[PDB]
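Residue numbers (the deposited numbering), protein chains in the order written: chain h, 117 to 172, 198 to 273; chain M, 5 to 172, 198 to 273; chain L, 107 to 337; chain K, 208 to 258; chain g, 208 to 258.
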């Protein structure tokens, strides 16, 4: 096993190979984290949201489909590194794989002018609590 | 000296330019990889050749057994002779013989034993003679002196080291073969002093046997890149513990 | 006593004890050798056969800590050495009084200081050599050279000149492939320490401290090589 | 307290003996580069290796 | 992990509230936490072996 990244491209050991952590993937898909009955951030509704108040065989249910998004995101995150190294050297792994971080700087002018899968852009958690 | 090599191009008539830049850090890396792999291969080849040559010599029984015996007078002398010839060739590939006078002596007694240099010489008491402590030599062959490999290293600039992680009848044991390297290096050391005295007088030879130190002077204009068996040069112990 | 639990897995103790013995006595390949509790378990494992108790007593005398050397009760000492050989299960690899004395000297420092963090220190010297007279190398140089000159060759080993060689290239390649897997660097690192130990193993007698700077010169041989490459 | 003390006591490395590293690094660039004349002087053998 | 959860919780006698998210667990059966890089090395080594 490996920390974090559940997928690892060995770009060319003579030729490309990839790694798969089935045991983990199974952990993730052990799921049951999910139930839709929820509540969500909103504020200043009279100005901001109140207007939003006034507008509108395989016959499988949705929860599974929800689960698919997991592997969607995972493979995306892998694709990042894969693309990068396929376009550049190994050594930048010393940075990116220690911490992906500034790799966006390299990605500048690299993206094809179309976004991917960061709609709800406020993805964050408490930070100052770090008590380092 | 990160040296982001910088480059530009233009069409004739200078319509408009393009720019790029690149980084040696992969290139030097790969070169070092290739170099060290290559030289390791070479050394392994050399050792193989030596082993084969030894194999030719019609031995009735395994090396360790030979040394554990002490009744012999031929085998051990012959082995020594062969090793010495091999080394002399490795310094003088066109040179093949020593013009006779080579003679050897078995020694058996602690009360004849000598520290450090286990093999000793008198270049001319009329003619050359040499002496060998078979008893002591035997002792190194205690296999428990040998065990499976540790894999330590130090001072790695991250991927500088990790990169390698992405870089792809005598049918007898590796460790048994490894035994040989002992006598290889021993005879090498001995040949050092032998060559010194062969070139110069006896008193400087005595000084060298007092300290294998002053060699660093005389062994110049002598090794014209004829590399020798010290690739992994980080030979060292703790030092501050010397405590005077 | 209830060794069913107070000696549970007698192997558990025996194996580590044998490892430790092969380390401190003679030499062995490097390892992260330490457990004071394992030393304890060595003693406990010894406390169950007379062919142990004898040794155990001998070593326990070191708790008196003085470097006095006990009399050899010749007969029993010999039988004891035999028992040692047995209990070490080695193929009769010339187990000897001198190695026993070396282990005695090891215990001469083992218990003797409660340095409770890391005595990460070679203690090369042995007091218990045949004398502390500690004369220098040079006198022994003359003493040896005398008998060296007095000796006469056992065989008249040279006539003429020849060299052996062979060119079974296929055979060579076969050999090479068979050899190939071995991790060369580590699987020769051992020999260096082997010869190094051999040094003291020779000079176990009226020894002279200095070795270190000469070894360092042997190692800076490579520095000299690089300077040659730099003229 | 006795327990917590012995916990430390049993973890006191002792009497460790000598060592060697050997493992080595050579140079980056200033160590003598190959030069094309040498490579040519080797490669010229293909002129007779032929086929 | 669950076991250690309660031995984390009881540590607090503090009653107002605790945003604290003790994500780490002390007791994970080791002398001291290593780096990640070392693990990366050691794993990748064997990893390349696999067919």
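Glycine included, every Cβ here is placed at the ideal spot set by N, Cα and C.
Checking 8 Å against the spacing of the C-beta atoms, do residue i and residue j come in under that value?
i: residue 135 of chain h; j: residue 145 of chain h; result: no
i: residue 150 of chain M; j: residue 267 of chain L; result: no
i: residue 169 of chain M; j: residue 252 of chain g; result: yes
i: residue 143 of chain M; j: residue 307 of chain L; result: yes
i: residue 61 of chain L; j: residue 162 of chain L; result: This structure gives no information on residue 61 of chain L, because the portion of chain L shown stretches from 107 to 337.
i: residue 211 of chain M; j: residue 300 of chain L; result: yes
i: residue 164 of chain L; j: residue 158 of chain L; result: no
i: residue 9 of chain M; j: residue 22 of chain M; result: no
i: residue 37 of chain M; j: residue 130 of chain M; result: no
i: residue 309 of chain L; j: residue 119 of chain M; result: yes
i: residue 185 of chain L; j: residue 176 of chain L; result: no
i: residue 127 of chain L; j: residue 217 of chain K; result: no
i: residue 155 of chain M; j: residue 138 of chain M; result: no
i: residue 240 of chain L; j: residue 312 of chain L; result: yes
i: residue 271 of chain M; j: residue 318 of chain L; result: yes
i: residue 263 of chain L; j: residue 112 of chain M; result: no
i: residue 330 of chain L; j: residue 248 of chain M; result: yes
i: residue 290 of chain L; j: residue 48 of chain M; result: yes
i: residue 187 of chain L; j: residue 208 of chain L; result: no
i: residue 325 of chain L; j: residue 265 of chain M; result: yes
i: residue 261 of chain L; j: residue 81 of chain M; result: yes
i: residue 240 of chain M; j: residue 171 of chain L; result: no
Could you tell me which residues DSSP puts in a beta bridge with residue i?
i: residue 24 of chain M; result: M/11
i: residue 137 of chain M; result: M/111
i: residue 229 of chain K; result: M/263
Below 8 Å CB to CB, which residues in the same chain sit around residue i once its five sequence neighbours on both sides are set aside?
i: residue 238 of chain h; result: 121, 222
i: residue 140 of chain M; result: 117, 122
i: residue 57 of chain M; result: 86, 90
i: residue 43 of chain M; result: 260
Quick one: give me the first and last residue of the beta strand (DSSP E) that residue i is part of.
i: residue 125 of chain M; result: 123 to 126
Only counting the same chain, and skipping five residues up and downstream in sequence, which positions put a Cβ closer than 6 Å to that of residue i?
i: residue 215 of chain h; result: none
i: residue 257 of chain M; result: none
i: residue 78 of chain M; result: none
i: residue 294 of chain L; result: none
i: residue 205 of chain L; result: 131, 132
i: residue 256 of chain g; result: none
Taking the alpha helix (DSSP H) that residue i belongs to, which residues open and close that run?
i: residue 224 of chain g; result: Counting along the chain, residue 224 of chain g falls outside any alpha helix (DSSP H), and DSSP gives it neither H nor E.
i: residue 243 of chain L; result: 243 to 256
i: residue 59 of chain M; result: 29 to 60
i: residue 6 of chain M; result: Element bounds for residue 6 of chain M: n/a, residue is neither H nor E.
i: residue 140 of chain L; result: Careful: residue 140 of chain L lies outside any alpha helix (DSSP H) and carries neither H nor E.
i: residue 226 of chain h; result: 204 to 228
i: residue 74 of chain M; result: Premise fails: residue 74 of chain M is in no alpha helix (DSSP H) and is neither H nor E.
i: residue 127 of chain L; result: 116 to 130
i: residue 212 of chain L; result: 203 to 216
i: residue 241 of chain h; result: From DSSP, residue 241 of chain h is part of no alpha helix (DSSP H); its letter is neither H nor E.
i: residue 333 of chain L; result: 318 to 335
i: residue 304 of chain L; result: 292 to 308
i: residue 96 of chain M; result: Premise fails: residue 96 of chain M is in no alpha helix (DSSP H) and is neither H nor E.
i: residue 163 of chain M; result: 163 to 166
Enumerate in chain order the residues of its own chain whose CB-to-CB distance from residue i is below 7 Å, with the five nearest sequence positions on each side excluded.
i: residue 250 of chain g; result: none
i: residue 72 of chain M; result: 142
i: residue 7 of chain M; result: 28
i: residue 158 of chain h; result: 165
i: residue 167 of chain M; result: 33
i: residue 243 of chain g; result: none
i: residue 207 of chain h; result: 150
Problem - Validate contact between the stretch 223 to 238 of chain M and the stretch 231 to 244 of chain L using beta carbons, cut 8 Å, 3 pairs - result: no
Handout entry: Three-pair Cβ contact test at 8 Å for the stretch 62 to 79 of chain M versus the stretch 94 to 101 of chain M
Key = Contact between the stretch 62 to 79 of chain M and the stretch 94 to 101 of chain M is absent, because fewer than three Cβ pairs lie under 8 Å.
Exercise for the section: Check whether the stretch 286 to 297 of chain L touches the stretch 108 to 118 of chain L, taking contact to mean three or more Cβ pairs, one atom from each stretch, closer than 8 Å. Expected result: no
Handout entry: Cβ contact check for the stretch 247 to 255 of chain M and the stretch 219 to 230 of chain K: 3 or more pairs under 8 Å
Key = no
Handout entry: Touch test, the stretch 214 to 224 of chain K against the stretch 211 to 225 of chain L, Cβ-Cβ under 8 Å, three pairs minimum
Key = yes
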